[PDB]
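Examination of the molecular architecture
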Amino acid sequence: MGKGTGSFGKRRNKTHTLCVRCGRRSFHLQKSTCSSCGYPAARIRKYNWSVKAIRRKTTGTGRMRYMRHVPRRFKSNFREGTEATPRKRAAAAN
Amino acid sequence: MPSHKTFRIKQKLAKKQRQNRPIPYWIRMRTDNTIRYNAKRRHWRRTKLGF
Amino acid sequence: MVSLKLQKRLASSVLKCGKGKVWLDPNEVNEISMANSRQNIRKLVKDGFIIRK
RNA sequence: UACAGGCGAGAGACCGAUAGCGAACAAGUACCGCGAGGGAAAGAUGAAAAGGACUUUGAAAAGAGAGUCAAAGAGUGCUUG
RNA sequence: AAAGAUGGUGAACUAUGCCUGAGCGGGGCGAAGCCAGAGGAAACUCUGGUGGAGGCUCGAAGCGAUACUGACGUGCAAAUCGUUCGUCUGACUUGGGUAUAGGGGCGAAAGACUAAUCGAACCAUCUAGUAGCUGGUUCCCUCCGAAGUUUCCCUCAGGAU
RNA sequence: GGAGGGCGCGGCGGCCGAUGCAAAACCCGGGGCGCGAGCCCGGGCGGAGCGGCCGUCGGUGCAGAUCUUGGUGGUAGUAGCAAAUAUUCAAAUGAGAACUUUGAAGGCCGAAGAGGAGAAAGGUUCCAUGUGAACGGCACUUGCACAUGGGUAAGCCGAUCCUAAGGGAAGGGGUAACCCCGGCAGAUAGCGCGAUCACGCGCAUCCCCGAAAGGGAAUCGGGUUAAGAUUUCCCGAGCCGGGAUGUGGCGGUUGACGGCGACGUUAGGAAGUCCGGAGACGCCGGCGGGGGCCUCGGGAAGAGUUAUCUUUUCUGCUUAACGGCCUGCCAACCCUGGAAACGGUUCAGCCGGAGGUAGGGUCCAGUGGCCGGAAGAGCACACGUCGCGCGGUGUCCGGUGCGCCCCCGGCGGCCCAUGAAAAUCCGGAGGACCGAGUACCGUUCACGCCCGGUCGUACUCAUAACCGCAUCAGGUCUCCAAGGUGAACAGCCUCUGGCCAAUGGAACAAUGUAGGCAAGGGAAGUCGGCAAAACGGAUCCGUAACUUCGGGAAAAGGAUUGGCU
RNA sequence: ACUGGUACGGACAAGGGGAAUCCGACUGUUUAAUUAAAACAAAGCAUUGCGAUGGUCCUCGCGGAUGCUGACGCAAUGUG
RNA sequence: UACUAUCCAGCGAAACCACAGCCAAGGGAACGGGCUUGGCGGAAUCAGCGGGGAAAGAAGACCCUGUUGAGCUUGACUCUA
RNA sequence: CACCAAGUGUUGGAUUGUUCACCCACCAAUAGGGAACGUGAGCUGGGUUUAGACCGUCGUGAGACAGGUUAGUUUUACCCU
RNA sequence: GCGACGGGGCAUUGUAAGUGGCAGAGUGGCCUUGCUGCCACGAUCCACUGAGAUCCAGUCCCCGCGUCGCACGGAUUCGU
RNA sequence: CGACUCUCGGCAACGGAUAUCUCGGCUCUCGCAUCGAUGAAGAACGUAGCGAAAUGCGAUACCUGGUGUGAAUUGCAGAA
């Protein structure tokens, strides 16, 4: 028989499967490409016509960012100070 | 055959099963106050889990 | 309620036959229910309380 | 000279929970779709939990007394209603 | 609005092809060939049989759906169910793997179908697109108070005057 | 439609007031003012900030928009909850039982199952225990619900390994680029083998993924828990691959003989290289043999009928992977022999005239036998509680075929269709090189020693664990397939396995829906024979104008059909 | 051969038949969820071009289809 | 004859609704439940029913128009692989 | 032929979707008109009038046809009267 | 006063179970070899047997048989 | 004649509007430069005594060294 009922009922084929890179069912199996980030692909799939909702997903929120932030903040890469040792030091100022 | 064996899917099933657990009573006090009525507990008969 | 759902299997799975072949005594209902594991079921089968119709 | 991102700040005849951002709250969360993508609902007891011991009815849930509170005509359906 | 553009996403439905697997009860019909006998000197021709062939027929599983324009028609169901029935050893049925994607595919060709979507799929964007046309257009009182006419117009559902 | 003069709200600069001794807000068939826009005041509710006036400014006033978003009616306690053959009785439990659970009973699916399992899919749903707030459109103490716990163990099964259709890095070249063809100066750019010694020798279309279905290194049995068990566990027995070796044997004719040969066997060198064959093949038809299932007699045990009759009826009666010894006909081959009155023989004319029929051998070893496995197991009994388990037996021997299913064999039909490849891999040819004796050579042999990594395993598999919002009458790949009647794997009835849950009760009206039947007539009905209805299976007889001579044809049309002896 | 039933495939199962005309030759195929047909296919018939460093097609270049084929072929946007 | 309807116990929607609901004729957006004039004028209701509510579902698919599209064709305009 | 008179009858088939038409045949008679061209939540769906399709004509073509021909989904009342 | 069965009437259908039989197409098997041979088997037929079975529910009757028949109290409403 | 039909009030239930709140949004302005094969952006799955989540972290796992502050953390337990 025809449309809708018979379209649903078969479904024993698979196309979009889990992607490793982005964790989204979007990996087109029989053409070996992800349509959500590109899985084999030199560059990550970025579109600047795909607007508000989608862009923010790829911006992420499971991000690190804080670890990266601390080098921006100091700008140097050293510091040195080992005060607070029995003597009573220099570990209580003013 | 197995019942899709691949590890990437398999780990997600394990994670989601663990995730689909009720909120534990005590924490509602140690949040201050705000109704912690989880949300990420899903049931298999309704909806569908995407990978 | 008395749960003899568990009693229907185990008895089936040691008499090598269906669950419409296993017969449970209708007076001994509570003690049969009390047996909860397959080793205990074997004791009942031996003594003829559970018997294959 | 630029600056709707990022980080760290100062403000506005800004908005006041159907408003303001999609999201004041676990929100790009829950959920929807095969996918590309789409995407919510949801703030307020009170000064302090002092979140109703105990007695009684009822299978229990609850109720009735009582206790507590400045107020239960404030009992996690909670300010006003 | 119908659309139009741009960039993406689908062959898990279905269309077809390839590769590799599975499945098709029991008949009707009685092909080539083979055999005996017969008649014939020959050339040859009869007859009874054997044998089991076919995009062959009846008809289960399967696959399909002709009619009731039945049931149902706010359903069991965004296409089902009953009876009746088409096909059922091949241009057969069907799975998995695999190929082909949007002015493109595929098509034993119906503009059919391509995941409830097809005379150009769906999605986001350009886009807050445009529409002389339909709808609606938000507190009061006062005073004055029209016109559907002239002229031009791809203009006669509208403007200028 | 214009202009005019006002009112109300939010916020801002000014100015003045009001408040927990009760602000704002909200309520009020309570009063009063203004033409109105609105305003004022009281009472009730309430509990923390607010209003008036003068300027300023807006995201500034609603009844609509097939309006948007939230709430709530009438409808309506109304349509309904009607397919799937079906429930009922007693007991248990509990507060409460048509539905739970147990028995009894009635049934149903009717082995192409409503069955036992796997795929795919879901993901813990499986099971225990707790248990009725929500949910199972009735109910409910029950649940595939909710809460709390546990559970999937592999050298031998799969994945893995391997290739296919095909996909895709690498090269060159377009394309800024994404991206796409796809390899190139891996070709006197290096991968592979000896080789330990540093050196020599040899070679491509590479190299991976690609069927958890193709192809394939290697396991069986019993027991067990909540469950699939070759799979978990365990006994006992293997089998494969890798590594070590020692013992025996193999070889002084140096690299085994015997046998007419076909070929036989516990060893019986073998570098580079070569060549073959194995992996390895369509589909249909009939036939052969096997296994299991079916049929059936005797015989050893338990069960039933058992007014009555029946030496009747039912049921257990089993034997593995793996190995020994022995064994298969077709196909094929060896030897004898010399055939006319030519033979055997296929579904196609094929054996024999390049030697048959016939006689004697040989081979492929599916399979059976008996023995090993292995009863130490398992099954059926008796007895015992001597119990989480005690002691004993018996478990045997025949028969039958168009039966059923599957396999395996060798044939035959088909084609303008002639029906894969690789890992895996042995063989022969090749003979270099190395062969010794008190040892060296075989080390494809037997026996002995050790080791075997990675990942999946729960369970459902559907009228309720999948997909359709969903416990949806739908759909969804495969394996097993009893007995009768009968061609039947048709229908119907039943076994075995599985349900008894299809909300239940009462009346059982008209009217519907679904199913039947009607005297006499017989399509007059109607657009139309739409379907109801009839014919129907088979055996025999009979069979048309016509025709591409194959058919029509089961033409038409008749007759026949039992029980039993 | 006896004998019973209105009677005998008694259930279940299981073609109504014939004659003409129109039309497609046939079996086959499709409008999936209103149309299975006389439509689509088709054998057969007719019919194409390119002798190849060429035809016809893709890809913008390369390479690729046809073509592991190559005029009794392949293709003709698959003609009629 | 079954299964419904009906009646019960439980359970329980939706479509739809300006406000509602007795006729006749008249005029009237030229076919009234309502206005006008006559006739009338059961509370409270159930099972039925198919006349009506120009009942409901669907911005009539037709038809016309819009300086609105799109599919197609070509001896349109204009370009082009 | 004319009158009072709708009290009561006014037909079956063949064919055509046709009412109409035209026959056959009966008969006392086989009058004529209306009611949203009475009558689709009453039906049927045959005509008209979609999407498939064939033929002829017209048209370069796509298509068209007051020309023929075939096959083509008939939803909901339980509310109010 | 009233009720279920039964009995009898009324109906329906068509002659049961059991028993007997040179009834019976026939056939076996043991002898004592049967002018009644016996034992079975045997569709079926007949007698007993117009029998058996059913018959008020929407048939009729009874003075057979026993109870309900609670001398209702169980449940409820009404005033000019 | 209750009732019904209708209406209102008072008290409620319904509902979450209104008022008053706001560790938030929103928009403007200012300062600042500072990712990566030295393994990123982003993901996955684990780790807290008792955690589902968010947040934090990575087998050195709601954290470590060092340093500042100078006694808490808290739902309960707990170390002393």
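Residues numbered from 1 in each chain as written, not as in the entry; some residues may be left out. Chains lettered and ligands numbered in written order. Part of a larger assembly, values for the part shown. Heavy atoms only, no water.

Structure determination for this entry is recorded as cryo-EM, at 5.5 Å resolution.

**Points about the pattern of salt bridges**
Residues and elements named next belong to chain A. This structure, assessed with the given rule, holds 1 salt bridge over all chains. The partner of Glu-83 in a salt bridge is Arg-89, and the shortest N-O contact between them spans 3.2 Å. For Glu-83, a relative accessible area of 41% gives the class partly exposed. (Salt bridge = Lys/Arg side-chain N within 4 Å of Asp/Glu carboxyl O. Buried < 20%, exposed > 50% of the residue type's maximum accessible area, 1.4 Å probe, protein only.)

**Here we look at the sheet that holds strand β3 (residues 33-34) of chain A**
Paired through their backbone hydrogen bonds, the strands of a sheet run either parallel or antiparallel. Residue and element names in this part refer to chain A. On the basis of which strands lie adjacent, the open sheet formed by 3 strands has the order β1-β2-β3 and antiparallel pairing. Strand pairing shows two members of the sheet lacking a second neighbour, β1 (16-18) and β3, which therefore form its edges. Sheet topology places strand β2 (residues 25-28) next to β3; 2 bridges connect them, and they run antiparallel. Bridge pairing links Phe-27 to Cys-34 in β3. (Pairing = 2+ DSSP bridges. Helix = DSSP H or I, 4+ residues; strand = E, 2+ residues; numbered from the N terminus.)

**Description of the packing of helix α1 (residues 5-15) of chain C against helix α3 (residues 38-46) of chain C**
All names here are of chain C. Interhelical geometry of α1 versus α3 gives an angle of 70° and a closest axis separation of 9 Å. The pairing of α1 with α3 is recorded here as roughly perpendicular in orientation. For the pair α1 and α3, the sense of crossing is right-handed. Residues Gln-7, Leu-10, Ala-11, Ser-13, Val-14 and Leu-15 of α1 lie in contact with α3, whose contacting residues are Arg-38, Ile-41, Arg-42 and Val-45. For the contact of α1 with α3, the residue count by class is 6 nonpolar, 2 polar and 2 charged. (Axes fitted to C-alpha atoms, helices over the stretch in contact; angles between N-to-C directions. Parallel < 35°, antiparallel > 145°, perpendicular 65-115°, else oblique. Left-handed = near helix turned anticlockwise from the far one by under 90°. Contact = heavy atoms within 4.5 Å. Nonpolar A, V, L, I, M, F, W, Y, C, P; charged D, E, K, R; others polar.)

**Considering the nonpolar core**
Residues and elements named next belong to chain C. Among the nonpolar cores identified, the biggest contains 10 residues, and these are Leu-4, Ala-11, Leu-15, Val-22, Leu-24, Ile-32, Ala-35, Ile-41, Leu-44 and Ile-50. Counting residues per element, the ones that place at least two in this core are α1 and α3. In contact with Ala-11, not counting residues within four places along its chain, are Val-22, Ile-41 and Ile-50. (Core = buried A, V, L, I, M, F, W, Y, C linked by side-chain atoms within 4.5 Å.)

**Some remarks on the interface of chain B and chain A**
At the interface, 7 residues of chain B touch 6 residues of chain A. Around 530 Å² of area is buried between chain B and chain A when both sides are counted, 58% of it from carbon and sulfur atoms. In the side of chain B that touches chain A, the residues fall into 3 nonpolar, 2 polar and 2 charged. (Buried area = accessible area lost by both parts, 1.4 Å probe.)

**Details of the protein's contact with RNA strand K**
Inspection of the region around RNA strand K gives 34 residues, with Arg-68, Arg-72, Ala-84 and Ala-91 of chain A together with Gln-19 of chain B positioned closest. Among atoms of RNA strand K positioned within 4 Å of the protein, sugar and phosphate together represent 71%. Here a phosphate oxygen of RNA strand K sits 3.3 Å away from a polar atom, N or O, in the main chain of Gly-62 of chain A. Sorting the residues of the surface near RNA strand K by element identifies α3 (66-74) of chain A together with α1 (7-19) of chain B as the ones contributing at least two each. The element best represented in the surface near RNA strand K is α1 of chain B, accounting for 6 residues. (Near = heavy atom within 4 Å. Polar contact = N/O pair within 3.5 Å; in protein donor to acceptor, adjacent residues only side chain to side chain.)

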